[PDB]
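Given next, in C-alpha coordinates, is a single chain: the form solved without the partner chain.
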(Lines give C-alpha, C1' and ligand atoms only; values in the text may rest on other atoms or scores of the structure.)
Protein backbone atom coordinates (compact mmCIF):
# COMPACT_ATOMS: atom_id res chain seq x y z
CA UNK A 1 0.00 0.00 0.00
CA UNK A 2 1.12 3.56 -0.75
CA UNK A 3 -0.63 5.56 1.98
CA UNK A 4 -1.56 8.31 -0.48
CA UNK A 5 -4.73 9.28 1.43
CA UNK A 6 -3.95 9.25 5.18
CA UNK A 7 -7.06 11.34 5.94
CA UNK A 8 -10.27 11.80 3.99
CA UNK A 9 -11.54 9.92 0.97
CA UNK A 10 -9.37 11.31 -1.84
CA UNK A 11 -6.10 13.13 -2.41
CA UNK A 12 -6.40 16.86 -1.84
CA UNK A 13 -4.09 18.18 -4.61
CA UNK A 14 -3.43 15.40 -7.12
CA UNK A 15 -6.55 14.77 -9.18
CA UNK A 16 -6.35 10.98 -9.61
CA UNK A 17 -4.57 7.92 -8.24
CA UNK A 18 -2.90 7.07 -11.53
CA UNK A 19 -1.27 3.81 -12.52
CA UNK A 20 1.19 4.02 -15.39
CA UNK A 21 -0.79 1.21 -17.05
CA UNK A 22 -4.02 3.23 -16.91
CA UNK A 23 -5.29 3.49 -20.51
CA UNK A 24 -4.83 6.78 -22.32
CA UNK A 25 -7.58 9.39 -22.55
CA UNK A 26 -7.35 12.90 -23.99
CA UNK A 27 -7.77 14.71 -20.68
CA UNK A 28 -5.47 13.67 -17.81
CA UNK A 29 -3.74 10.60 -19.28
CA UNK A 30 -2.45 11.38 -22.76
CA UNK A 31 0.37 11.01 -25.23
CA UNK A 32 1.90 14.46 -25.64
CA UNK A 33 4.58 16.34 -27.57
CA UNK A 34 6.86 19.15 -26.44
CA UNK A 35 7.17 21.97 -29.02
CA UNK A 36 10.65 21.48 -30.46
CA UNK A 37 10.70 16.39 -33.55
CA UNK A 38 9.88 13.71 -30.99
CA UNK A 39 7.70 10.63 -30.77
CA UNK A 40 4.83 11.18 -28.28
CA UNK A 41 5.44 10.34 -24.62
CA UNK A 42 2.80 9.22 -22.14
CA UNK A 43 2.02 11.91 -19.56
CA UNK A 44 -0.29 12.33 -16.58
CA UNK A 45 -2.12 15.52 -15.58
CA UNK A 46 -1.91 15.53 -11.79
CA UNK A 47 -3.44 19.00 -11.40
CA UNK A 48 -4.72 22.00 -13.32
CA UNK A 49 -1.71 23.34 -15.28
CA UNK A 50 0.63 20.58 -13.99
CA UNK A 51 1.76 17.48 -15.89
CA UNK A 52 4.13 14.63 -15.02
CA UNK A 53 6.25 12.87 -17.65
CA UNK A 54 7.74 9.67 -16.10
CA UNK A 55 10.56 9.56 -18.66
CA UNK A 56 14.26 10.35 -18.74
CA UNK A 57 14.56 13.89 -20.10
CA UNK A 58 15.91 13.48 -23.64
CA UNK A 59 13.57 16.19 -25.00
CA UNK A 60 14.19 19.49 -23.20
CA UNK A 61 17.68 20.11 -24.60
CA UNK A 62 18.64 19.07 -28.16
CA UNK A 63 22.20 18.54 -26.87
CA UNK A 64 21.06 16.08 -24.16
CA UNK A 65 19.43 13.46 -26.36
CA UNK A 66 21.88 10.90 -24.97
CA UNK A 67 21.79 9.15 -21.58
CA UNK A 68 25.45 8.08 -21.48
CA UNK A 69 28.37 9.72 -19.63
CA UNK A 70 30.51 12.23 -21.55
CA UNK A 71 29.41 14.77 -7.98
CA UNK A 72 27.42 13.15 -10.78
CA UNK A 73 25.78 9.76 -11.20
CA UNK A 74 24.97 7.91 -14.42
CA UNK A 75 22.80 4.87 -15.15
CA UNK A 76 21.21 4.54 -18.59
CA UNK A 77 18.86 1.81 -17.33
CA UNK A 78 17.09 3.92 -14.69
CA UNK A 79 13.47 4.61 -15.61
CA UNK A 80 13.33 2.41 -18.73
CA UNK A 81 10.67 -0.09 -17.59
CA UNK A 82 6.98 0.43 -16.89
CA UNK A 83 7.37 -0.68 -13.26
CA UNK A 84 9.96 2.06 -12.73
CA UNK A 85 7.79 4.70 -14.43
CA UNK A 86 4.79 3.65 -12.33
CA UNK A 87 6.90 3.95 -9.17
CA UNK A 88 8.15 7.33 -10.40
CA UNK A 89 4.59 8.54 -10.97
CA UNK A 90 3.43 7.34 -7.54
CA UNK A 91 6.52 8.79 -5.86
CA UNK A 92 6.00 12.23 -7.40
CA UNK A 93 2.30 12.06 -6.50
CA UNK A 94 3.23 11.22 -2.91
CA UNK A 95 5.57 14.21 -2.59
CA UNK A 96 3.01 16.69 -3.95
CA UNK A 97 0.55 15.48 -1.32
CA UNK A 98 3.26 15.72 1.35
CA UNK A 99 4.00 19.30 0.33
CA UNK A 100 0.27 20.09 0.16
CA UNK A 101 -0.20 18.65 3.68
CA UNK A 102 1.59 21.72 5.10
CA UNK A 103 0.18 25.24 5.16
CA UNK A 104 3.27 26.56 3.38
CA UNK A 105 2.93 23.99 0.60
CA UNK A 106 -0.72 24.81 0.00
CA UNK A 107 0.28 28.47 -0.34
CA UNK A 108 3.16 27.67 -2.70
CA UNK A 109 1.24 25.28 -4.96
CA UNK A 110 -1.71 27.69 -5.12
CA UNK A 111 0.66 30.44 -6.25
CA UNK A 112 2.16 28.13 -8.89
CA UNK A 113 -1.21 27.22 -10.40
CA UNK A 114 -2.34 30.85 -10.50
CA UNK A 115 0.90 31.96 -12.18
CA UNK A 116 -0.21 31.31 -15.76
CA UNK A 117 2.50 32.53 -18.18
CA UNK A 118 1.60 35.86 -19.74
CA UNK A 119 0.12 36.14 -23.24
CA UNK A 120 2.87 38.36 -24.61
CA UNK A 121 3.41 36.55 -27.89
CA UNK A 122 1.85 39.01 -30.33
CA UNK A 123 4.01 41.47 -32.26
CA UNK A 124 1.04 43.88 -32.31
CA UNK A 125 1.04 45.79 -29.02
CA UNK A 126 -2.81 45.92 -28.88
CA UNK A 127 -3.33 42.14 -29.16
CA UNK A 128 -3.00 39.39 -26.56
CA UNK A 129 -1.54 36.13 -27.85
CA UNK A 130 -0.19 32.97 -26.25
CA UNK A 131 3.48 32.01 -26.56
CA UNK A 132 3.58 28.57 -28.16
CA UNK A 133 6.48 27.41 -25.96
CA UNK A 134 4.16 27.69 -22.94
CA UNK A 135 2.00 24.84 -24.29
CA UNK A 136 2.12 21.12 -24.98
CA UNK A 137 0.37 19.09 -27.68
CA UNK A 138 -2.10 16.58 -26.23
CA UNK A 139 -3.19 13.55 -28.27
CA UNK A 140 -6.94 12.97 -28.08
CA UNK A 141 -8.45 9.45 -28.16
CA UNK A 142 -9.53 9.89 -31.79
CA UNK A 143 -5.98 10.77 -32.89
CA UNK A 144 -6.33 14.57 -33.11
CA UNK A 145 -4.05 17.09 -31.41
CA UNK A 146 -4.99 19.85 -28.98
CA UNK A 147 -2.79 22.72 -27.81
CA UNK A 148 -3.04 23.01 -24.02
CA UNK A 149 -1.45 25.69 -21.87
CA UNK A 150 0.24 24.58 -18.66
CA UNK A 151 2.46 25.97 -15.92
CA UNK A 152 4.65 23.07 -14.80
CA UNK A 153 6.00 19.75 -16.04
CA UNK A 154 7.78 17.25 -13.79
CA UNK A 155 10.08 15.04 -15.87
CA UNK A 156 12.77 12.51 -15.08
CA UNK A 157 16.45 13.44 -15.05
CA UNK A 158 18.66 13.39 -18.13
CA UNK A 159 22.03 11.63 -18.34
CA UNK A 160 23.15 12.84 -14.90
CA UNK A 161 20.47 11.24 -12.72
CA UNK A 162 21.18 13.52 -9.75
CA UNK A 163 21.28 16.83 -11.66
CA UNK A 164 17.95 18.40 -10.73
CA UNK A 165 17.00 21.84 -12.02
CA UNK A 166 14.10 24.06 -13.05
CA UNK A 167 14.39 25.00 -16.72
CA UNK A 168 12.09 26.58 -19.28
CA UNK A 169 12.09 27.48 -22.96
CA UNK A 170 13.28 30.95 -23.88
CA UNK A 171 12.19 33.72 -26.23
CA UNK A 172 14.25 35.24 -29.03
CA UNK A 173 14.08 38.68 -27.38
CA UNK A 174 11.96 38.39 -24.23
CA UNK A 175 13.48 37.10 -20.99
CA UNK A 176 10.26 35.48 -19.82
CA UNK A 177 11.64 34.57 -16.38
CA UNK A 178 12.86 38.15 -15.77
CA UNK A 179 10.20 40.49 -17.22
CA UNK A 180 7.17 39.43 -15.15
CA UNK A 181 5.61 37.34 -17.93
CA UNK A 182 6.70 33.87 -16.84
CA UNK A 183 7.03 30.68 -18.85
CA UNK A 184 6.13 27.02 -18.50
CA UNK A 185 8.67 25.37 -16.21
CA UNK A 186 10.21 21.91 -16.64
CA UNK A 187 11.59 20.38 -13.45
CA UNK A 188 14.11 17.57 -13.84
CA UNK A 189 13.60 15.50 -10.70
CA UNK A 190 13.58 11.93 -9.38
CA UNK A 191 11.89 10.62 -6.20
CA UNK A 192 14.05 7.48 -6.37
CA UNK A 193 17.38 9.04 -5.30
CA UNK A 194 18.53 11.47 -2.63
CA UNK A 195 21.71 12.94 -1.17
CA UNK A 196 23.38 12.31 2.17
CA UNK A 197 24.73 14.87 4.63
CA UNK A 198 26.59 14.54 7.92
CA UNK A 199 25.47 15.83 11.31
CA UNK A 200 26.32 15.19 14.97
CA UNK A 201 23.15 15.16 17.08
CA UNK A 202 29.04 11.86 13.26
CA UNK A 203 25.71 10.69 11.87
CA UNK A 204 25.13 10.17 8.14
CA UNK A 205 21.63 11.36 7.26
CA UNK A 206 19.71 11.53 3.97
CA UNK A 207 17.84 14.53 2.57
CA UNK A 208 14.05 14.23 2.48
CA UNK A 209 12.99 14.29 -1.21
CA UNK A 210 9.93 16.40 -0.36
CA UNK A 211 12.37 19.17 0.61
CA UNK A 212 14.24 18.79 -2.68
CA UNK A 213 11.06 18.95 -4.76
CA UNK A 214 9.89 22.01 -2.82
CA UNK A 215 13.24 23.65 -3.61
CA UNK A 216 12.62 23.15 -7.34
CA UNK A 217 9.00 24.30 -6.96
CA UNK A 218 10.22 27.55 -5.38
CA UNK A 219 12.37 28.18 -8.45
CA UNK A 220 9.31 27.55 -10.62
CA UNK A 221 7.39 30.09 -8.54
CA UNK A 222 10.03 32.73 -9.20
CA UNK A 223 10.11 31.91 -12.90
CA UNK A 224 6.34 31.64 -13.43
CA UNK A 225 5.94 35.22 -12.17
CA UNK A 226 8.97 36.43 -14.13
CA UNK A 227 10.85 37.66 -11.05
CA UNK A 228 13.87 35.37 -11.22
CA UNK A 229 17.34 36.73 -10.48
CA UNK A 230 19.67 36.83 -13.45
CA UNK A 231 21.83 33.67 -13.18
CA UNK A 232 24.96 35.82 -13.67
CA UNK A 233 24.48 37.36 -10.19
CA UNK A 234 26.60 34.89 -8.23
CA UNK A 235 28.72 34.49 -5.09
CA UNK A 236 30.32 30.27 -7.21
CA UNK A 237 26.64 30.25 -6.21
CA UNK A 238 23.88 32.24 -7.89
CA UNK A 239 21.82 34.57 -5.71
CA UNK A 240 18.80 32.71 -7.09
CA UNK A 241 19.92 29.59 -5.21
CA UNK A 242 20.65 31.47 -1.98
CA UNK A 243 17.22 33.12 -2.09
CA UNK A 244 15.54 29.75 -2.73
CA UNK A 245 17.31 28.05 0.18
CA UNK A 246 16.37 30.97 2.42
CA UNK A 247 17.38 30.96 6.06
CA UNK A 248 20.53 32.86 6.93
CA UNK A 249 21.97 32.02 3.50
CA UNK A 250 19.48 34.45 1.96
CA UNK A 251 21.05 37.21 4.07
CA UNK A 252 24.23 36.88 1.97
CA UNK A 253 22.39 38.71 -0.82
CA UNK A 254 22.98 42.46 -0.88
CA UNK A 255 19.89 43.79 0.91
CA UNK A 256 19.95 47.06 -1.04
CA UNK A 257 20.33 45.24 -4.35
CA UNK A 258 17.22 43.26 -3.36
CA UNK A 259 15.35 46.53 -2.88
CA UNK A 260 16.67 47.31 -6.37
CA UNK A 261 15.30 43.95 -7.53
CA UNK A 262 11.94 44.75 -5.92
CA UNK A 263 11.56 48.04 -7.81
CA UNK A 264 12.72 46.44 -11.07
CA UNK A 265 9.84 43.94 -11.05
CA UNK A 266 7.32 46.43 -9.67
CA UNK A 267 7.87 48.39 -12.89
CA UNK A 268 7.62 45.17 -14.90
CA UNK A 269 4.21 44.43 -13.39
CA UNK A 270 3.14 47.99 -14.22
CA UNK A 271 4.03 47.46 -17.89
CA UNK A 272 1.96 44.27 -17.88
CA UNK A 273 -0.97 46.29 -16.54
CA UNK A 274 -0.51 48.84 -19.34
CA UNK A 275 -0.43 46.07 -21.95
CA UNK A 276 -3.69 44.72 -20.54
CA UNK A 277 -5.21 48.20 -20.80
CA UNK A 278 -4.08 48.67 -24.41
CA UNK A 279 -5.36 45.23 -25.45
CA UNK A 280 -8.30 45.56 -27.84
CA UNK A 281 -8.32 42.10 -29.47
CA UNK A 282 -7.27 38.52 -28.74
CA UNK A 283 -6.00 35.65 -30.90
CA UNK A 284 -7.16 32.15 -30.04
CA UNK A 285 -12.78 36.46 -24.96
CA UNK A 286 -10.40 39.33 -24.23
CA UNK A 287 -11.96 40.36 -20.92
CA UNK A 288 -11.65 36.82 -19.53
CA UNK A 289 -7.92 36.65 -20.26
CA UNK A 290 -7.76 40.16 -18.80
CA UNK A 291 -9.29 38.76 -15.59
CA UNK A 292 -6.98 35.73 -15.59
CA UNK A 293 -3.98 38.08 -15.38
CA UNK A 294 -5.77 40.42 -12.99
CA UNK A 295 -5.97 37.43 -10.58
CA UNK A 296 -2.36 36.21 -11.07
CA UNK A 297 -0.72 39.61 -10.55
CA UNK A 298 -3.33 40.80 -8.01
CA UNK A 299 -4.05 43.95 -10.00
CA UNK A 300 -6.55 46.55 -8.86
CA UNK A 301 -9.37 47.73 -11.12
CA UNK A 302 -11.10 51.12 -10.98
CA UNK A 303 -14.66 52.05 -11.93
CA UNK A 304 -13.39 52.57 -15.49
CA UNK A 305 -12.14 48.99 -15.74
CA UNK A 306 -8.51 50.15 -15.85
CA UNK A 307 -5.94 47.85 -14.25
CA UNK A 308 -3.13 49.09 -12.02
CA UNK A 309 -0.62 47.68 -9.53
CA UNK A 310 -1.25 48.28 -5.83
CA UNK A 311 2.11 48.65 -4.08
CA UNK A 312 0.87 46.75 -1.01
CA UNK A 313 -0.46 43.79 -3.01
CA UNK A 314 2.78 43.69 -5.01
CA UNK A 315 4.94 43.68 -1.88
CA UNK A 316 2.76 40.91 -0.41
CA UNK A 317 2.99 38.76 -3.55
CA UNK A 318 6.69 39.50 -4.07
CA UNK A 319 7.55 38.82 -0.43
CA UNK A 320 5.62 35.54 -0.51
CA UNK A 321 7.45 34.28 -3.60
CA UNK A 322 10.96 35.37 -2.55
CA UNK A 323 11.10 35.43 1.28
CA UNK A 324 8.44 33.01 2.56
CA UNK A 325 8.66 30.24 -0.03
CA UNK A 326 12.08 28.90 0.97
CA UNK A 327 13.66 25.50 1.52
CA UNK A 328 14.55 26.50 5.09
CA UNK A 329 10.91 27.27 5.91
CA UNK A 330 9.75 23.97 4.41
CA UNK A 331 12.29 22.21 6.63
CA UNK A 332 10.63 23.83 9.65
CA UNK A 333 7.10 22.91 8.51
CA UNK A 334 8.14 19.32 7.79
CA UNK A 335 10.11 19.05 11.06
CA UNK A 336 12.87 17.10 9.29
CA UNK A 337 16.66 17.23 9.38
CA UNK A 338 18.36 19.11 6.55
CA UNK A 339 21.69 20.65 5.63
CA UNK A 340 22.09 24.13 7.10
CA UNK A 341 23.49 25.82 3.97
CA UNK A 342 22.95 25.41 0.24
CA UNK A 343 26.38 23.74 0.10
CA UNK A 344 28.45 14.05 -0.05
CA UNK A 345 26.92 10.70 -1.02
CA UNK A 346 24.02 9.41 -3.12
CA UNK A 347 21.42 6.85 -2.04
CA UNK A 348 18.76 4.81 -3.80
CA UNK A 349 15.37 5.07 -2.08
CA UNK A 350 11.76 3.92 -2.45
CA UNK A 351 9.22 6.25 -0.81
CA UNK A 352 6.10 4.67 -2.33
CA UNK A 353 5.48 1.94 0.29
CA UNK A 354 3.68 3.39 3.30
CA UNK A 355 5.98 1.39 5.59
CA UNK A 356 8.98 3.24 4.12
CA UNK A 357 7.74 6.83 3.92
CA UNK A 358 4.50 8.66 4.75
CA UNK A 359 2.88 11.92 3.69
CA UNK A 360 2.90 13.27 7.26
CA UNK A 361 6.16 11.89 8.66
CA UNK A 362 8.40 11.22 5.67
CA UNK A 363 11.02 8.70 6.79
CA UNK A 364 10.52 9.45 10.51
CA UNK A 365 7.51 7.20 11.05
CA UNK A 366 5.62 8.11 14.21
CA UNK A 367 5.18 5.51 16.96
CA UNK A 368 8.41 3.79 15.85
CA UNK A 369 12.10 3.98 16.66
CA UNK A 370 12.38 6.15 13.53
CA UNK A 371 10.19 8.83 15.13
CA UNK A 372 12.88 10.21 17.45
CA UNK A 373 16.11 12.08 16.66
CA UNK A 374 15.39 11.86 12.92
CA UNK A 375 16.35 8.18 13.04
CA UNK A 376 14.25 7.61 9.91
CA UNK A 377 16.69 9.81 7.98
CA UNK A 378 19.74 8.14 9.57
CA UNK A 379 21.21 5.99 6.79
CA UNK A 380 22.73 3.61 9.35
CA UNK A 381 19.80 3.15 11.75
CA UNK A 382 17.29 3.03 8.86
CA UNK A 383 19.65 1.25 6.46
CA UNK A 384 16.69 -0.71 5.05
CA UNK A 385 15.56 2.46 3.25
CA UNK A 386 18.90 3.63 1.80
CA UNK A 387 21.24 1.88 -0.64
CA UNK A 388 24.50 3.79 -1.04
CA UNK A 389 25.69 4.14 -4.63
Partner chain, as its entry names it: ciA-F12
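Residue numbers count along the first chain shown, from 1.
Another form, the form deposited with the partner chain bound, is not on view; read the next lines as being about it.
Q: Give me the residue from 140, 308, 80, 126 that has a heavy atom within 4.5 Å of the partner chain in the deposited bound form.
A: Comparing distances to the partner chain in the deposited bound form, the residue within 4.5 Å is 140.
Q: In the deposited bound form, does residue 31 have a heavy atom within 4.5 Å of the partner chain?
A: Answer yes; at least one heavy atom of residue 31 falls within 4.5 Å of the partner chain in the deposited bound form.
Q: Taking the partner chain as it sits in the deposited bound form, is residue 267 in contact with it (heavy atom to heavy atom, 4.5 Å or less)?
A: Judged by the heavy-atom cut-off of 4.5 Å, residue 267 is well away from the partner chain in the deposited bound form.
Q: Although the partner chain is absent from this view, report whether residue 277 comes within 4.5 Å of it in the deposited bound form, heavy atoms only.
A: Contact with the partner chain, no.
Q: Applying a 4.5 Å heavy atom distance criterion, does residue 76 contact the partner chain in the deposited bound form?
A: Residue-level check for residue 76: no, no contact with the partner chain.
Q: With the partner left out here, which residues of 18-47 have a non-hydrogen atom within 4.5 Å of the partner chain in the deposited bound form?
A: Counting only heavy atoms within 4.5 Å of the partner chain in the deposited bound form, the contacting residues of 18-47 are 23, 24, 31, 33, 37, 38, 39, 40.
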